[PDB]
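File shown: coords08.pdb. Contents: PDB, C-alpha atoms.
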ATOM      1  CA  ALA A   1     107.090  96.993 107.838  1.00  0.00           C
ATOM      2  CA  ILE A   2     104.580  94.406 106.548  1.00  0.00           C
ATOM      3  CA  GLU A   3     103.534  92.874 109.898  1.00  0.00           C
ATOM      4  CA  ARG A   4     101.430  89.695 110.246  1.00  0.00           C
ATOM      5  CA  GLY A   5      97.630  90.067 109.952  1.00  0.00           C
ATOM      6  CA  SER A   6      98.259  93.818 109.436  1.00  0.00           C
ATOM      7  CA  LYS A   7      96.209  95.985 107.036  1.00  0.00           C
ATOM      8  CA  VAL A   8      98.219  96.518 103.820  1.00  0.00           C
ATOM      9  CA  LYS A   9      96.860  98.572 100.898  1.00  0.00           C
ATOM     10  CA  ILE A  10      97.825  96.757  97.679  1.00  0.00           C
ATOM     11  CA  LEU A  11      99.668  99.133  95.308  1.00  0.00           C
ATOM     12  CA  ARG A  12     100.058  96.764  92.328  1.00  0.00           C
ATOM     13  CA  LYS A  13      98.789  98.347  89.075  1.00  0.00           C
ATOM     14  CA  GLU A  14      98.064  95.042  87.281  1.00  0.00           C
ATOM     15  CA  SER A  15      96.250  93.295  90.167  1.00  0.00           C
ATOM     16  CA  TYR A  16      92.714  91.876  90.540  1.00  0.00           C
ATOM     17  CA  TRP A  17      92.561  93.563  93.990  1.00  0.00           C
ATOM     18  CA  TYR A  18      94.569  96.744  93.224  1.00  0.00           C
ATOM     19  CA  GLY A  19      93.311  99.753  95.240  1.00  0.00           C
ATOM     20  CA  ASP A  20      91.848  97.461  97.954  1.00  0.00           C
ATOM     21  CA  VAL A  21      93.407  96.487 101.309  1.00  0.00           C
ATOM     22  CA  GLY A  22      94.087  92.899 102.452  1.00  0.00           C
ATOM     23  CA  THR A  23      95.021  91.054 105.678  1.00  0.00           C
ATOM     24  CA  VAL A  24      98.674  89.866 105.612  1.00  0.00           C
ATOM     25  CA  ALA A  25      98.593  86.038 105.749  1.00  0.00           C
ATOM     26  CA  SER A  26     102.314  85.143 105.717  1.00  0.00           C
ATOM     27  CA  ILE A  27     105.687  86.120 104.200  1.00  0.00           C
ATOM     28  CA  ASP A  28     108.287  83.993 102.360  1.00  0.00           C
ATOM     29  CA  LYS A  29     112.107  83.843 102.571  1.00  0.00           C
ATOM     30  CA  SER A  30     112.565  86.316  99.674  1.00  0.00           C
ATOM     31  CA  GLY A  31     112.546  83.306  97.307  1.00  0.00           C
ATOM     32  CA  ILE A  32     110.415  85.199  94.751  1.00  0.00           C
ATOM     33  CA  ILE A  33     109.835  88.883  93.884  1.00  0.00           C
ATOM     34  CA  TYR A  34     106.376  88.613  95.538  1.00  0.00           C
ATOM     35  CA  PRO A  35     106.806  86.444  98.687  1.00  0.00           C
ATOM     36  CA  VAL A  36     104.086  88.272 100.705  1.00  0.00           C
ATOM     37  CA  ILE A  37     100.662  86.651 100.134  1.00  0.00           C
ATOM     38  CA  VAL A  38      97.763  88.876 101.298  1.00  0.00           C
ATOM     39  CA  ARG A  39      94.156  87.762 101.963  1.00  0.00           C
ATOM     40  CA  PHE A  40      91.205  89.348 100.114  1.00  0.00           C
ATOM     41  CA  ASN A  41      88.313  86.852 100.630  1.00  0.00           C
ATOM     42  CA  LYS A  42      87.678  87.347  96.877  1.00  0.00           C
ATOM     43  CA  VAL A  43      87.752  84.550  94.267  1.00  0.00           C
ATOM     44  CA  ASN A  44      88.512  84.966  90.540  1.00  0.00           C
ATOM     45  CA  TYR A  45      87.268  81.780  88.817  1.00  0.00           C
ATOM     46  CA  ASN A  46      88.455  82.068  85.190  1.00  0.00           C
ATOM     47  CA  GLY A  47      88.995  78.417  84.175  1.00  0.00           C
ATOM     48  CA  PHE A  48      88.262  75.793  86.865  1.00  0.00           C
ATOM     49  CA  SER A  49      87.539  72.082  86.253  1.00  0.00           C
ATOM     50  CA  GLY A  50      88.078  68.891  88.298  1.00  0.00           C
ATOM     51  CA  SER A  51      90.292  70.074  91.188  1.00  0.00           C
ATOM     52  CA  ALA A  52      88.831  73.155  92.927  1.00  0.00           C
ATOM     53  CA  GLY A  53      91.548  75.762  92.239  1.00  0.00           C
ATOM     54  CA  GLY A  54      90.474  79.026  93.928  1.00  0.00           C
ATOM     55  CA  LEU A  55      93.032  81.672  94.980  1.00  0.00           C
ATOM     56  CA  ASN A  56      91.848  84.057  97.749  1.00  0.00           C
ATOM     57  CA  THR A  57      95.510  85.214  98.058  1.00  0.00           C
ATOM     58  CA  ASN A  58      97.646  87.441  95.794  1.00  0.00           C
ATOM     59  CA  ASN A  59     101.470  87.593  95.875  1.00  0.00           C
ATOM     60  CA  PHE A  60     103.010  91.043  96.494  1.00  0.00           C
ATOM     61  CA  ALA A  61     106.509  92.419  97.197  1.00  0.00           C
ATOM     62  CA  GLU A  62     107.264  94.282 100.459  1.00  0.00           C
ATOM     63  CA  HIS A  63     107.657  97.631  98.640  1.00  0.00           C
ATOM     64  CA  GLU A  64     104.469  96.802  96.660  1.00  0.00           C
ATOM     65  CA  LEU A  65     102.354  96.802  99.863  1.00  0.00           C
ATOM     66  CA  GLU A  66     101.678  99.944 101.941  1.00  0.00           C
ATOM     67  CA  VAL A  67     101.234  99.070 105.649  1.00  0.00           C
ATOM     68  CA  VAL A  68      98.576 101.611 106.719  1.00  0.00           C
ATOM     69  CA  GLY A  69      97.911 100.053 110.153  1.00  0.00           C
TER      70      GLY A  69
END

Now that the file is in, can you turn its structure into structure tokens?
Amino acid sequence: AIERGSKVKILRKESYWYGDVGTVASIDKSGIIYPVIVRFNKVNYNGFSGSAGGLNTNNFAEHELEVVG
């Protein structure tokens, strides 16, 4: 099961960090299809201005992540 701070290999085809692993940051209450936000320490600036957006976290479903810890 997706534990906390566990190593999860992202298995999302259309993902900026697909094929890479990430550190589980926190899970949601199943409010959305991708409540699990993983950490990648990677930024994808593609339109920033004024307020510093920045992501560093991608949403992913439980079945979309592969706990390989």

Using only C-alpha atoms, pick whichever of A:18, A:46, A:6, A:39 has the shortest atom-to-atom distance to residue 58 of chain A.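 So, comparing all the options, the nearest one is A:39.
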
Nearest-residue call for residue 23 of chain A, choices A:67, A:1, A:61, A:8, using all atoms listed in the file: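 Between A:67, A:1, A:61, A:8, the residue approaching residue 23 of chain A most closely is A:8.
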
Test item: the PyMOL selection byres ((chain A and resi 33) around 12) resolved as a list in words: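 Residues picked by the PyMOL selection byres ((chain A and resi 33) around 12): residues 27, 28, 29, 30, 31, 32, 34, 35, 36, 37, 59, 60, 61, 62, 63 and 64 of chain A.
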
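Here the PyMOL selection byres ((chain A and resi 24) around 6) matches the residues residues 4, 5, 6, 23, 25, 26 and 38 of chain A.
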
For residue 57 of chain A, the nearest of the candidates A:40, A:20, A:7, A:69, counting all atoms listed in the file: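 Closest candidate: A:40.
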
One decimal, in Å: what's the spacing between atom CA of residue 2 of chain A and atom CA of residue 66 of chain A?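 Spanning atom CA of residue 2 of chain A to atom CA of residue 66 of chain A is a straight-line distance of 7.8 Å.
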